[PDB]
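**Q** experimental structure and sequence below.
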Amino acid sequence: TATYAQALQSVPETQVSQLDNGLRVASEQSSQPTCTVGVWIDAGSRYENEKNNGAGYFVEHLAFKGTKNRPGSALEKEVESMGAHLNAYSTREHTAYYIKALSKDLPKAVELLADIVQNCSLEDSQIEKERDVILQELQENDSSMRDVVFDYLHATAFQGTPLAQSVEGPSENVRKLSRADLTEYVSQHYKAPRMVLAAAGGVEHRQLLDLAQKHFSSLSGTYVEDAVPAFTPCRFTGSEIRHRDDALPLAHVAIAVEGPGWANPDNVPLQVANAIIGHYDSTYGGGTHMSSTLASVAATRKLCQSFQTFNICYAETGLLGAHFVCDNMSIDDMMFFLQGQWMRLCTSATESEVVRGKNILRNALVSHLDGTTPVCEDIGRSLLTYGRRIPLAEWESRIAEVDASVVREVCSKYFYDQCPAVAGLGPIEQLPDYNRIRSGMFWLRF
Amino acid sequence: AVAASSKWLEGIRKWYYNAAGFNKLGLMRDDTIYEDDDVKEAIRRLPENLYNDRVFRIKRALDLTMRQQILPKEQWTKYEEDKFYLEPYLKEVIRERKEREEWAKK
Amino acid sequence: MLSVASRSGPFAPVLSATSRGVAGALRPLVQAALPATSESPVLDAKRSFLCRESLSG
Amino acid sequence: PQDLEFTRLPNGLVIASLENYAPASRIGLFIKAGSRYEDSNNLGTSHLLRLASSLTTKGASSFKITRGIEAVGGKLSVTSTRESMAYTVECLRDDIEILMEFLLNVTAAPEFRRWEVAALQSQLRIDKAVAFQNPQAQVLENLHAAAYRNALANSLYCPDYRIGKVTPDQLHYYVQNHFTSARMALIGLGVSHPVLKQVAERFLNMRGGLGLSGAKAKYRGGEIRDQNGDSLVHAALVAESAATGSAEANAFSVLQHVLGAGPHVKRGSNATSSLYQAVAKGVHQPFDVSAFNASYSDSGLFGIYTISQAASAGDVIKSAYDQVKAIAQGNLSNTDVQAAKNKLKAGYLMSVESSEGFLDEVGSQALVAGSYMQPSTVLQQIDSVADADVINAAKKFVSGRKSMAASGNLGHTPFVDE
Amino acid sequence: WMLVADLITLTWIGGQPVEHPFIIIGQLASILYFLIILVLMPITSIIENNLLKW
Amino acid sequence: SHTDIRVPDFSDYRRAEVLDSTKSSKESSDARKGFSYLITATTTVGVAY
Amino acid sequence: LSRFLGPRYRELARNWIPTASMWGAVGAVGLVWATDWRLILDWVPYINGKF
């Protein structure tokens, strides 16, 4: 028999090394026949100005379509012949490319990843064919209402700054991104100190290091062009966006206050907090009995289809709030009950609510580390945010300290008389006025 | 809990039944209960043959009191034939309220 | 012997208690978004959009 | 270590535990039940059973099941198919003994009360309309109805005339005849072996036998057409192939990966798909084609699956049928079989990485065969498939009686005799 | 009707001189007005519930 | 497309040092939510009529 | 009864009480400026009440 305490002393540690190019190399080994391997880069849309906001998403399209040594679809044939997968993603802060494979084609897989990020062609005949694929998936993106309403919340909460713009860019930039402006993006944001070579599954750290020395040595670990840009921070604003369209069947509303950044230690009590509000969907099984109060109310009166809370962190700032979907005659009661729950945690927060919210938070982070692909992305981006991978023992000793007085104190700091940012997508005539919204941020009794 | 003079508490339970006069309007004891929020949930959970039997017994008694009339002494509800049709359904509604209340004290 | 989900394309549907009900083993006919314009289904009974990607811990 | 322990009890119950040293646990209960085992009078009883997991049972009310599980951060979930059902609970390691006594109340002593079943009948209409916003969901229910006369043609979702009419007496009868001891498998992933044994001796008291079985599935070669207002045509064309657990079943699995059965590169051209390259010669419009393969205990369906524009649905199905004809008359290279054995072996090992993919696979093997085989045994059987078996599987498709199902604007879709 | 026949007794006493008999009746009936509403009524409603088997 | 909209210019209406677009509104927070407000604090003295 | 007492309402009474007192001392000192209570205008001598 074991314990939850003992089993946290048995997760194998992340061995970090570093080449003379500055490239960090991290790993974890737990005896499996399959292994994930990728590169995590500190680039994104928050490192772009208004000339090339589309440029980071355009480069991710051309990454699997031809290299200097494997041209065209010869890269496709080689990944397919050994049973391997080849994924990617892109946000405002990060950019990844990775591979699932068997843990004996790791020498071939690492050579594939090193060739991708160094020697892409970006040829003129492929980017003109790639412009049409992006312009049409922008039109498919307008039909996803959750993607459009969360893009409204970033354009209104961070209005004057680079954290307002979106990953895909405006369609006028998608139409005009050159070949010259794509290679000058690679030189400035795909440098060796910004990349992290991570791996999980059955892998040796020592074998991964020599494979990194053999393949990643031609990178320049230098300050050419003398462009070390001063990271300037981004401020929050209370304001509103309302898009009225009565022909849509349901309405989407998202609201948030400013939150803490990545390294801030306030994030752990602010996730015990948002786990006390929670989430709901109309396909859930046990509504009207749920522990959450906003979820037990919205099931009994049929007020919404779904709601969710979020905590979106960055380097220096954050977003902290909620999103819900309802019909046109229910917006005003959903805003009344949600805002009265934020204020009941600034005061009045119980020691029983915090214990359940701490149990929910531990269960959420070990369930997210199941399989070699989510462990490999918790390795690759913890080394770009915290500078180290926080183990699962350091996470649990920070959850053990939080109590109701810390929760009451930290919620009053971020919520009690702040201006929120609000976004809405029609039919939204019953979305209340911003004066009546801002006045919902204070109590009446205490 | 008597066992020798239980002859005595049975005469007083019969006497109060006939001193009360809901049987003379042809009603059963569970018809005359005051509906608070627990009783309004127990009525909603009845099988439909029992619900329809109760709506007619009440309507016939509101009509008998509009004219100051009583049923003849052959249609009076007897003492040992009053079916407590609502008491099993109501003991479960109360027990589910006292469980959501002991859970809010935790 | 092996499963439906290994070498076969039938369905599984799932119902939760605290998460959003789903239903598929083959369903996603991928490689149909590089040929353009297959649009996400408009909902009148809202369903998961990220299928609980929030609360990652 | 301790790769799996495996016990078969005297009442045919299969227990199988693996002791990892992970902080989280997972427990499954896998039953032989599913749409297959319902006749023409109680259609949709299995969809209602799937939705009724957090109702009142004999040992915990509907308040204590929802509150007791959310208190420790746990989950409760049900997954079913045409041939099985699976109940799965999960929490952290020290919390696992309380979410295990709830699971044995949901599935072994439920109480179907009238007003709760009656309030639940509106959830059938919500769940069916959520699932049917994908066009693949109803084209595949139609296709099983066009391919069988009974016992595998029943849908996973309740029919529309029948919503509001599933009674508490029908739910009591499905569980009393199909949730029995010799059709079940209890699989644990962070638990020890002798405690899962002492859990399972708390439903021995009855339902210790075999239960109402399912009538054998008779092949009907039919065709169901469904005109509506969707933008694209979804079409499927199959034939009868092979049951699971046979020598011919592995060859249809290899033939599936020769033809092309899904993607490997994000935004790729599927360069090692012989189906996709044959269609895309003459078709220049947006499409998608795949190889379909389903496998059950006594039959299976193999064929193709297209998605296309409505004026091109005849060119796409005809091109994707000549290519299967080219294989059955001998045109089969040797490296194409070897590149397809890799995708079938690699995809089997990536499917067993997670704690849910592993527990899935152990539950299917305990119901179908009654044993556990290591993934080294499975990898050898794939490499024993010869080139004379990939050809004798495309011959059984080309000369077999077909079935079809379609949806969309069907003005240019061929008929199954044309 | 013991409560109605006690507000009649308090109306006859209320227009008498403050003498010997009109004060032992004035205070034994100002007590009984409060003993009926506050104490004797809620206890007799409980004996009625117990004889109807609730 | 939805990615073609920006919130327009609000520089003619902000507070004087919240034209600062390159800070994080920290040193400029809970320090400018009240100039039309302590108006209402000495109105408490004035509504006493 | 047993509807009313427990570890819930009296810890809702814990942050009540300051509210009660400043709902009570509001009623105490607020009554004296409306109805000309001359027996409490003496206690703070700084406020010239009537000329």
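**A** Structure's in. What do you need? Numbering: from 1, shown residues only, chains lettered A, B, ... in the order given.
**Q** where along the stretch 251-400 of chain D do the helices fall?
**A** Under the criterion DSSP state H, counting those that start in this stretch, helices of the stretch 251-400 of chain D are mapped to D:274-279, D:313-328, D:334-350, D:355-368, D:375-383, D:387-398.
**Q** turn these into JSON lines, columns for distance to chain E and mean neighbour count.
**A** Heads up, the C-betas are built off the backbone N, CA and C, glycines and all. Listed next are those as JSON lines, based on distance: least, CB to the nearest CB, whole Å; neighbours: other CB atoms under 10 Å in any protein chain shown:
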{"stretch": "helix D:274-279", "distance to chain E": "75", "mean neighbour count": "21"}
{"stretch": "helix D:313-328", "distance to chain E": "72", "mean neighbour count": "19"}
{"stretch": "helix D:334-350", "distance to chain E": "65", "mean neighbour count": "18"}
{"stretch": "helix D:355-368", "distance to chain E": "51", "mean neighbour count": "21"}
{"stretch": "helix D:375-383", "distance to chain E": "66", "mean neighbour count": "13"}
{"stretch": "helix D:387-398", "distance to chain E": "74", "mean neighbour count": "17"}
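**Q** ok, which of those comes nearest residue A:225?
**A** Minimum separation from residue A:225 across the helices of the stretch 251-400 of chain D (CB to CB) falls at helix D:334-350, 41.6 Å.
**Q** on that earlier part again, need the helices of the stretch 251-400 of chain D in TSV with distance to residue A:409, can you?
**A** Compiled in TSV, the helices of the stretch 251-400 of chain D are given as follows (distance: least, CB to CB, whole Å):
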stretch	distance to residue A:409
helix D:274-279	60
helix D:313-328	64
helix D:334-350	46
helix D:355-368	37
helix D:375-383	52
helix D:387-398	68
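**Q** got the residues of chain A near chain E?
**A** Within reach of chain E by CB under 8 Å from any CB of the partner chain, chain A has no residues at all.
**Q** tally of neighbours for the residue nearest to residue A:410 when sequence neighbours are not counted?
**A** Nearest in space to residue A:410, with sequence neighbours left out and distances taken as CB to CB, 6 or more residues apart in numbering or on different chains, is residue A:269 at 4.5 Å. Residues near residue A:269, counting by other CB atoms under 10 Å in any protein chain shown, number 25.
**Q** dump the residue contacts of residue A:269.
**A** Going by CB atoms under 8 Å, 6 or more residues apart in numbering or on different chains, residue A:269 touches A:402, A:406-407, A:410.
**Q** for the stretch 1-150 of chain D, which segments count as helices?
**A** According to DSSP H, counting those that start in this stretch, the helices that the stretch 1-150 of chain D contains are D:45-50, D:62-70, D:99-106, D:114-131, D:135-147.
**Q** stretch A:83-91 near chain D anywhere?
**A** Yes. Contact of stretch A:83-91 with chain D (CB under 8 Å from any CB) involves A:83-88.
**Q** scan chain C for its longest strand.
**A** strand C:13-16 (DSSP state E).
**Q** so what touches that strand?
**A** So strand C:13-16 is in contact with A:283-285, C:21-24, D:50-51, D:53, D:75-80, D:127, D:131, D:156-157, going by CB under 8 Å, 6+ apart.
**Q** among those, name the ones in strands.
**A** Per DSSP E, these map to strands at C:22-23, D:75-80.
**Q** just put the residues you listed in JSON lines and tack on distance to residue A:98.
**A** Listed next are these as JSON lines, based on distance: CB to CB, whole Å:
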{"residue": "C:22", "distance to residue A:98": "25"}
{"residue": "C:23", "distance to residue A:98": "28"}
{"residue": "D:75", "distance to residue A:98": "28"}
{"residue": "D:76", "distance to residue A:98": "33"}
{"residue": "D:77", "distance to residue A:98": "28"}
{"residue": "D:78", "distance to residue A:98": "33"}
{"residue": "D:79", "distance to residue A:98": "28"}
{"residue": "D:80", "distance to residue A:98": "33"}
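**Q** chain F: which of these is nearest?
**A** residue C:22 (26.7 Å; CB to the nearest CB).
**Q** how about the closest one: what's its closest non-neighbour residue?
**A** residue C:14 (4.9 Å).
**Q** before we move on, what about residue A:377?
**A** Using CB to CB, 6+ apart, the closest residue to residue A:377 is residue A:96 (7.0 Å).
**Q** packing partners of the longest helix seen in chain G?
**A** Using DSSP state H to define each element, chain G has its longest helix at helix G:18-30. Secondary-structure packing of helix G:18-30 (3 or more CB pairs under 8 Å, 6 or more residues apart in numbering or on different chains; DSSP states H and E): no helix or strand packs against it.
**Q** quick revisit: most surrounded residue in the contacts of residue A:269?
**A** residue A:407 (24 neighbours).
**Q** residues from chain E in reach of chain B?
**A** Residues of chain E lying near chain B (CB under 8 Å from any CB): E:48, E:51-54.
**Q** taking these one by one, which sit in helices?
**A** Those of the residues of chain E next to chain B lying in helices (DSSP H): E:48, E:51.
**Q** would you show me how to pick out the buried ones of the residues of chain E next to chain B in ChimeraX?
**A** To isolate the buried members of those in ChimeraX, using 16 or more other CB atoms under 10 Å in any protein chain shown:
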select /E:51
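**Q** closest to chain B out of the residues of chain E next to chain B?
**A** residue E:51 (4.5 Å).
**Q** got the contact list for the closest one?
**A** By CB under 8 Å, 6+ apart, the neighbours of residue E:51 are B:12-13, B:16.
**Q** could you dump these to a markdown table with distance to residue F:18 and secondary structure?
**A** Below are the contacts of residue E:51 laid out as a markdown table (distance: CB to CB, whole Å; DSSP: H, G, I helix; E, B strand; the rest coil):
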| residue | distance to residue F:18 | secondary structure |
| --- | --- | --- |
| B:12 | 83 | helix |
| B:13 | 81 | helix |
| B:16 | 79 | helix |
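**Q** phi first, then psi, for the residue of chain F found nearest chain G.
**A** Per CB to the nearest CB, residue F:48 is where chain F lies closest to chain G, at 9.4 Å. Backbone torsions of residue F:48, given as degrees, to the nearest 10, read phi -70, psi 0.
**Q** likewise residue A:234?
**A** Residue torsions, per degrees, to the nearest 10, at residue A:234 are phi -120, psi 130.
**Q** the closest residue in space to it that isn't next to it in sequence in helix, strand or coil?
**A** Leaving out its chain neighbours, the residue that sits closest to residue A:234 by CB to CB, 6+ apart is residue A:161, at 3.8 Å. For residue A:161, the assignment made with DSSP: H, G, I helix; E, B strand; the rest coil gives coil.
**Q** surely residue A:161 and residue A:237 touch.
**A** No. Under the criterion of CB atoms under 8 Å, residue A:161 makes no contact with residue A:237, lying 9.4 Å away.
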